[PDB]
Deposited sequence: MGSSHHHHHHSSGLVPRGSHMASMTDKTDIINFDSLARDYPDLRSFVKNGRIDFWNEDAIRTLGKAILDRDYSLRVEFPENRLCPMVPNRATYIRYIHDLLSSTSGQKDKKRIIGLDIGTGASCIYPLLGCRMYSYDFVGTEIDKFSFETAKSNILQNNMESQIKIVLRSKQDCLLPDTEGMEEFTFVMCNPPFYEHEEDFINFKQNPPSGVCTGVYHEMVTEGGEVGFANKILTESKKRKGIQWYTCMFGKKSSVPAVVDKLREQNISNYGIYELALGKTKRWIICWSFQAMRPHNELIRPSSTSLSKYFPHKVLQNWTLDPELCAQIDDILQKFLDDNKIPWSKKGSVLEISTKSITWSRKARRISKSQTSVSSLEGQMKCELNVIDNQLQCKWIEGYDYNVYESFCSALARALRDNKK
């Protein structure tokens, strides 16, 4: 009402589906536990908790800055019957953006939509069409810097996300992420007519989501992409026959732990045992007996292909080494 007064945007729905895919692609053996969310900037609409409840039955905590917006969020949830699922908090301009858990479990994800102006003169200079809601010191980069700074002290929250409305933002915030050595992040490019958006999610945990969620197809921001998670190959009929035997001999001759999972073949590596360094260190008397770096990935076969999708790890060297070894394994059998 104060700033939105329109339900036409489906970007809220797509942001929530991105949350769902980012969680369901990174859950694993973990049970379907109660999931609680955080909406920094719940606003007088609180669309994010509402559609994260009506769509996947999550729980939510909404942190607001404005008295009117806090009251309106309370009313909205009161006539929505998620009183027992969602909570709302009013905070002053100086409070930390991440509220205390207050005895419950730590949030599974934090998700925001930072304010995106700096001055009222700049408001008018760019677009003050007739309308501290849209004002902050630094913009969507300064707010993201605050969130990044406070995300050192709450690492239990798995998936931190932030939404950016200017392409120039992605360089700065991704540069700060690389300064703080957050390897597991991602950019998701949206599309609404001509408008584009950038969901720069970042986590401090091992689970890596799908490529379609961290690496956008367009190579415009190719310098800012996270590491690769999936490396696909194309097969030919003799390999499309001997694929099972070749994968067996590869994964068994290299001292590589593995086990099958129905229609998907798995792996569980606690040390690189396929690199040349692995066999040299095993064959040379040295104090270290393992090249560190965990990994979980799945090798599946679909229609003359082979996929190596990463599903765990803090280190990209292990994934790249396994991918290259597998590619050579295909090559030394196709011919």
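No C-alpha positions are given for the deposited-sequence stretches 1-78, 210-217.
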